[PDB]
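J.: In order, the protein sequence lines correspond to chains A and B. Start counting the first sequence at 1; every next residue gets the next number (the numbering used here). Start counting the second sequence at 397; every next residue gets the next number (the numbering used here). For each residue, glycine too, the CB sits at the ideal point set by N, CA and C.
There are 2 protein chains.
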Amino acid sequence: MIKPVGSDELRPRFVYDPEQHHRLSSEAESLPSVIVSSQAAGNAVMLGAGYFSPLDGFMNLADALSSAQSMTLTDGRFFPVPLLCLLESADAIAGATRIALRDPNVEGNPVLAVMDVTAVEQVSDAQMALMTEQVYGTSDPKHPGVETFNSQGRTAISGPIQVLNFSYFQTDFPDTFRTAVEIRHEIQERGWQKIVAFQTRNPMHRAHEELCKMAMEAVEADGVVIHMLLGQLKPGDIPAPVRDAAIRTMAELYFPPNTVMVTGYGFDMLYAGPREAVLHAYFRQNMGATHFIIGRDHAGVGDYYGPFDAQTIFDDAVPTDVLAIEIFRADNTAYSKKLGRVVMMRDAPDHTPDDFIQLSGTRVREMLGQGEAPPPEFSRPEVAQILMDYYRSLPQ
Amino acid sequence: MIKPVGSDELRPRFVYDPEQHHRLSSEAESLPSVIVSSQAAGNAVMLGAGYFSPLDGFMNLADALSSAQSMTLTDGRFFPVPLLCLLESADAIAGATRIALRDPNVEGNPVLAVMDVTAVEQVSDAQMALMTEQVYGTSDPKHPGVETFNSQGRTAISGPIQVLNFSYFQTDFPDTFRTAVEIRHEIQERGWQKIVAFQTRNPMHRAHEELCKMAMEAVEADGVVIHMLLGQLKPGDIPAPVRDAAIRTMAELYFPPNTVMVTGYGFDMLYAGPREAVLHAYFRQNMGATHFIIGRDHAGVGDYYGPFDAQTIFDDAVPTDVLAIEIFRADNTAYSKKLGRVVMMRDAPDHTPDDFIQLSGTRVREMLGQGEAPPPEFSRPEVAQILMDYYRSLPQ
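#1: Would you say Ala-218 (chain A) and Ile-195 (chain A) are within 9 Å of each other, going by their C-beta atoms?
#2: How would you list, in chain order, the residues of chain A whose beta-carbon sits under 8 Å from the beta-carbon of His-581 (chain B)?
#3: Who are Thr-729 (chain B)'s beta bridge partners in DSSP?
#4: Can you name the residues that DSSP bridges to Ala-119 (chain A)?
#5: If you reduce the DSSP assignment to three classes, tell me which class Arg-473 (chain B) lands in.
#6: Checking contacts by CB at 9 Å: is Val-181 (chain A) closer than that to chain B?
#7: Within the 9 Å Cβ cut-off, does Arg-419 (chain B) reach chain A?
#8: Considering only residues of the same chain and omitting the five flanking positions on each side of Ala-636 (chain B), which have a CB-CB separation below 7 Å?
#9: Beta carbon of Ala-90 (chain A): closer than 8 Å to some heavy atom of the ligand MN?
#10: Counting only the same chain and skipping the five closest in sequence on each side, list residues whose C-beta sits under 7 Å from that of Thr-528 (chain B).
#11: Evaluate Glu-372 (chain A) with the Cβ neighbour count: other Cβ atoms within 10 Å of its Cβ, from every protein chain shown; 16 or more gives buried, anything less gives exposed.
#12: Please state whether DSSP places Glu-326 (chain A) in a helix, a strand or coil.
#13: Who are the near neighbours of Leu-339 (chain A) in its chain, counting only those whose CB is closer than 8 Å to its CB and skipping five residues on each side?
#14: Shorter than 9 Å from the beta carbon of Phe-166 (chain A) to some beta carbon of chain B?
#15: So residue 418 (chain A) packs on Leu-112 (chain A), CB below 8 Å; how close in whole Å?
#16: Say whether chain B places a C-beta atom closer than 9 Å to the C-beta of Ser-124 (chain A).
#17: In terms of residue numbering, what span does the alpha helix (DSSP H) encompassing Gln-396 (chain A) cover?
#18: With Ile-583 (chain B) as the anchor, note down where its alpha helix (DSSP H) starts and where it stops.
#19: Looking at chain B, is there any beta carbon in it that lies within less than 9 Å of the beta carbon of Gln-127 (chain A)?
#20: Is there a C-beta anywhere in chain A that falls below 9 Å from the one on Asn-654 (chain B)?
#21: Return the CA-CA distance between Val-559 (chain B) and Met-665 (chain B), expressed in angstroms with no decimal places.
#22: Which residues of chain B have a Cβ atom closer than 8 Å to the Cβ of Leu-65 (chain A), listed in chain order?
#23: Measuring alpha carbon to alpha carbon, tell me which residue in A:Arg-380, A:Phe-308, A:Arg-329 and A:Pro-353 is nearest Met-216 (chain A).
#24: Given a cut-off of 9 Å on the beta-carbon distance, is the pair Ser-554 (chain B) and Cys-481 (chain B) in contact?
#25: Sort A:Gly-295, A:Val-342 and A:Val-242 by Cα distance to residue 399 (chain A) and report the nearest one.
#26: How long is the line joining the alpha carbons of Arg-13 (chain A) and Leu-47 (chain A), rounded to whole angstroms?
#27: Return the residues of the stretch 6-18 of chain A that lie within a Cβ-Cβ distance of less than 8 Å from chain B, sorted by chain order.
#28: Does the distance from the C-beta atom of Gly-223 (chain A) to that of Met-250 (chain A) stay below 9 Å?
#29: Please classify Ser-33 (chain A): does DSSP put it in a helix, a strand, or coil?
#30: Applying a beta-carbon distance threshold of less than 7 Å, which residues of chain B neighbour residue 465 (chain A)?
#31: Pick helix, strand or coil for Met-600 (chain B), following the three-state DSSP scheme.
#32: Could you name each continuous alpha helix (DSSP H) segment of 4 residues or more that falls completely within the stretch 8-64 of chain A, going from the start of the chain to the end?
#33: Have a look at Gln-232 (chain A) and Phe-177 (chain A) and give me their C-alpha separation to the nearest angstrom.
#34: Verify whether the separation of the beta carbon atoms of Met-610 (chain B) and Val-738 (chain B) is less than 9 Å.
#35: So, is residue 398 (chain A) buried or exposed, given that buried needs 16 or more other C-beta atoms within 10 angstroms?
#36: Determine whether the beta carbon atoms of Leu-479 (chain B) and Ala-437 (chain B) lie at a separation below 9 Å.
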């Protein structure tokens, strides 16, 4: 198995021993407590689930400044983004060395983690601006990741945490949410030696299906982990049950036996483009993937990043040999009339534009909503049917 | 895939649509509510998870009486034990049609399910005694299943349920708890056509490892699902994560690639021997297993059942055609020095006790405590090492 990043074994922060879990849960009900931001809560779930191994909790300001500017902690460990717990005020936990962190995204704000607080620090305007410009590559308040980061308050609490649950990501998505620990176990047992990871939050049509297959053939992979971003439903997104049925139907009918793992994780998007792509590679190595697909404008928003910056950041900016996972560099696909299959256009230089047929993800979605199956070059009939049945069911 | 029992597809009671799940959770806080028994909570978890498919909720008295005496509901569907929600009284919910069921096993007694109450019935002494003697094979109050059944009150509430979570089973055991739905999907991903199910709660030593391999060879299985009963700890128990690590090490080193799934489910044991064996077969068919291992004194307690009664029940009490799943009829196993392999006892009646390598449970745990591995005919060195590491690790 590919090694975890920075250690020989994953070091998750979830309390796996049930007796210790029960004792901590009991203790937490009498501790001073704070409700954290959704960003900090996601950071805690990722730490609990082993995705951010081998880190122990939330960063002090020196580690956060070092991570933002250089992708390292002060002690030299590689980690690509700051992991901060920022609050409007630390008054409720003044002088406390042990506190409960409560979940902002579950009714009644239950305890998510217990934290040993080793520092409480105020972040200056200059420190915030430095971290913002370095992580997000802009100072524009129109950038949604910039706005969230700067909307949490300026008191940073730092120290190691013990995670008691995985929030609504597990409760709402019980069949798909997986820890990095369990994805690594499952890769191991299924016998896969090379494994491609692919992120999505919506149904996969033929273009994305074929991109996974191209990547698998190129690197001689034994399997693909489809790693779905779980979270609250965004306007125009496909509800989870329908999305899951579409992905699982594609996997069962169009891939060979024992080649697909359908899984998911919970973490708020940063919209940080090339910097977020490094974070993605980091946690995918932790879960056991050997290859990670990065296409055009990966993790991007607006016009802040160049189309392939998230690929090239791995050439220069990421320190040599900190990561063992390799990038499969994807690009736009089209159906080749000459070859009778979906290809990356860049890899068919013998073709003229007229040799391709193109149909966007937007156009596919429009057709499905009108009850018209897209051409079989772009959508599988059984996947199309699942989506058409969904759109037809709506009162709209 | 083997068909679910009594339908073409599983009909779980969990609310998979997150928006509907959120709406119901919010509604449930304002409903009349009752804290159910641990048995009823377990029933709801199994119903939520698809294991008791195609049932919609708790049974009325007529169905429970039919299930107890003939393993069928009044409409003729096969189901082998009553699923009752018994209460001391309906006072907390008098008159309400829609109610919240609260979990007795989680601090705070959170909502586990929402229920539409379609009947409320008093269970007579005669009705209770008939169900008791039929399900458990005895009316002895000293049988622990009998005692649990008769300690819940006499008001049965019945009607369909919608399940909001899987109680402490998923929270405490996030990498191993699985629904019947997910197990069936993973069996599909892995491409298995014949699948053996084996239940255990403990680490698997060479005797259980080879029992599973015997079963797989006999039926030409592609894989085995190790389906662990998850629950509450008792003093002296090996922690769940150590037990899982021992089973995963065996799976990774001693079984071929893509042959083992390590999973768990949550339910309170009935100790009903042969009747509980029929229930195990039922839910293992629903999870997608084609064969189920039943050894000696399966689900037994006391001296109420014959040592192979849990196998022979399928011959003379279970209607043909109701189950598709097949039983692998096992027995206790041990390593024979005369033969040089693990054997079931019944293929070795000629052996004397000195022809086997056998160690008591106390002997094994105490020698592992001292950093001593059992002989390699009894334990794999790598599995013994997991256990020894736990016993020699700093306590707490």
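T.: Quick answer:
#1: Counted from its first residue, the first sequence places residue 218 (chain A) at position 218. Counted from its first residue, the first sequence places residue 195 (chain A) at position 195. Cβ atoms of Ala-218 (chain A) and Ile-195 (chain A): not closer than 9 Å.
#2: Start at 1 with the first residue of the second sequence, and residue 581 (chain B) comes out as number 185. What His-581 (chain B) touches in chain A: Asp-175, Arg-248 and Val-262.
#3: Sequence index remark: in the second sequence, residue 729 (chain B) carries index 333 (1-based). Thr-729 (chain B) is bridged to B:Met-740.
#4: Here residue 119 (chain A) refers to the residue found at position 119 of the first sequence. For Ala-119 (chain A), the pairing in a beta bridge is given by DSSP as A:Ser-158.
#5: Position 77 of the second sequence, counted from the first residue, corresponds to residue 473 (chain B). If DSSP states are grouped into helix, strand and coil, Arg-473 (chain B) belongs with coil.
#6: Here the question's residue 181 (chain A) lines up with position 181 in the first sequence. By this cut-off, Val-181 (chain A) is an interface position.
#7: Your numbering for residue 419 (chain B) matches position 23 in the second sequence. Taking Cβ atoms only, chain A never reaches closer than 9 Å to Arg-419 (chain B), which makes this a no.
#8: Position 240 of the second sequence, counting from 1, holds the residue named residue 636 (chain B). Excluding five sequence positions before and after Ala-636 (chain B), the CB atoms of its chain that fall closer than 7 Å to its own CB belong to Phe-569, given in chain order.
#9: This structure lacks the ligand MN; in fact it carries no ligand of any kind.
#10: The sequence position of residue 528 (chain B) within the second sequence is 132, counting from 1. Sequence-distant partners of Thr-528 (chain B) (beyond 5 residues in either direction) whose C-beta falls short of 7 Å from its own C-beta, in its chain, are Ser-535, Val-542, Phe-545 and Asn-546.
#11: If you number the first sequence from 1, residue 372 (chain A) lands on position 372. By the Cβ neighbour-count rule, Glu-372 (chain A) is exposed, with fewer than 16 other Cβ atoms within 10 Å of its own.
#12: As a working note, residue 326 (chain A) is residue 326 in the first sequence. Strand, per DSSP.
#13: By 1-based counting over the first sequence, the position of residue 339 (chain A) is 339. Exclusion of the five residues before and after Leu-339 (chain A) leaves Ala-348 as the residues of its chain whose Cβ lies within less than 8 Å of its Cβ.
#14: On the first sequence, residue 166 (chain A) is found 166 positions in, with the first residue counted as 1. Judged by the 9 Å Cβ criterion, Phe-166 (chain A) is in contact with chain B.
#15: Since the first and last residues shown for chain A are 1 and 396, residue 418 (chain A) lies out of range.
#16: Taking the first residue of the first sequence as 1, we reach residue 124 (chain A) at position 124. By this cut-off, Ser-124 (chain A) is not an interface position.
#17: Numbered from 1 along the first sequence, position 396 holds the residue referred to as residue 396 (chain A). No alpha helix (DSSP H) contains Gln-396 (chain A), which DSSP labels as neither H nor E.
#18: For this step, residue 583 (chain B) is matched to residue 187 along the second sequence. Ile-583 (chain B) -> alpha helix (DSSP H) spans 576-586.
#19: The residue you call residue 127 (chain A) lines up with position 127 of the first sequence. Chain B, which has no Cβ nearer than 9 Å to the Cβ of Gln-127 (chain A), makes this no.
#20: On the second sequence, residue 654 (chain B) is found 258 positions in, with the first residue counted as 1. Closer than 9 Å: yes.
#21: Against the second sequence, residue 559 (chain B) aligns to sequence position 163. Against the second sequence, residue 665 (chain B) aligns to sequence position 269. In a straight line, the C-alpha of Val-559 (chain B) is about 21 Å away from that of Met-665 (chain B).
#22: Sequence index remark: in the first sequence, residue 65 (chain A) carries index 65 (1-based). None at all; the shortest Cβ gap to chain B is about 34 Å.
#23: Locating residue 216 (chain A) in the first sequence gives position 216, counting from the first residue. When A:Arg-380, A:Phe-308, A:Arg-329 and A:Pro-353 are compared, the shortest CA-CA separation from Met-216 (chain A) is found for A:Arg-329.
#24: Here residue 554 (chain B) refers to the residue found at position 158 of the second sequence. Here residue 481 (chain B) refers to the residue found at position 85 of the second sequence. The answer is yes: Cβ separation under 9 Å.
#25: Absent from the structure is residue 399 (chain A), since the part of chain A shown begins at 1 and ends at 396.
#26: By 1-based counting over the first sequence, the position of residue 13 (chain A) is 13. By 1-based counting over the first sequence, the position of residue 47 (chain A) is 47. Distance between the alpha carbons of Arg-13 (chain A) and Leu-47 (chain A) is about 6 Å.
#27: Hits within the stretch, in order: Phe-14, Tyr-16, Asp-17 and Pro-18.
#28: Locating residue 223 (chain A) in the first sequence gives position 223, counting from the first residue. Locating residue 250 (chain A) in the first sequence gives position 250, counting from the first residue. Going by C-beta atoms, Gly-223 (chain A) is not nearer than 9 Å to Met-250 (chain A).
#29: Translated into the one-based positions of the first sequence, residue 33 (chain A) becomes position 33. Annotated three-state conformation of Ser-33 (chain A) is strand, per DSSP.
#30: Coverage of chain A is limited to positions 1 through 396, which leaves residue 465 (chain A) absent and any answer about it impossible.
#31: Working through the second sequence from its first residue, we reach residue 600 (chain B) at position 204. Of the three classes helix, strand and coil, the one that applies to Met-600 (chain B) here is coil, per DSSP.
#32: Those alpha helix (DSSP H) runs which fall completely within the stretch 8-64 of chain A and span 4+ residues are 18-28 and 38-48.
#33: On the first sequence, position 232 is the one that residue 232 (chain A) refers to. On the first sequence, position 177 is the one that residue 177 (chain A) refers to. Their backbone Cα atoms lie some 14 Å apart in a straight line.
#34: Your numbering for residue 610 (chain B) matches position 214 in the second sequence. Your numbering for residue 738 (chain B) matches position 342 in the second sequence. Contact flag set, yes.
#35: Any question about residue 398 (chain A) goes unanswered here, given that chain A covers just 1 to 396.
#36: Here the question's residue 479 (chain B) lines up with position 83 in the second sequence. Here the question's residue 437 (chain B) lines up with position 41 in the second sequence. At the C-beta level, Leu-479 (chain B) and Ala-437 (chain B) stay beyond 9 Å of one another.
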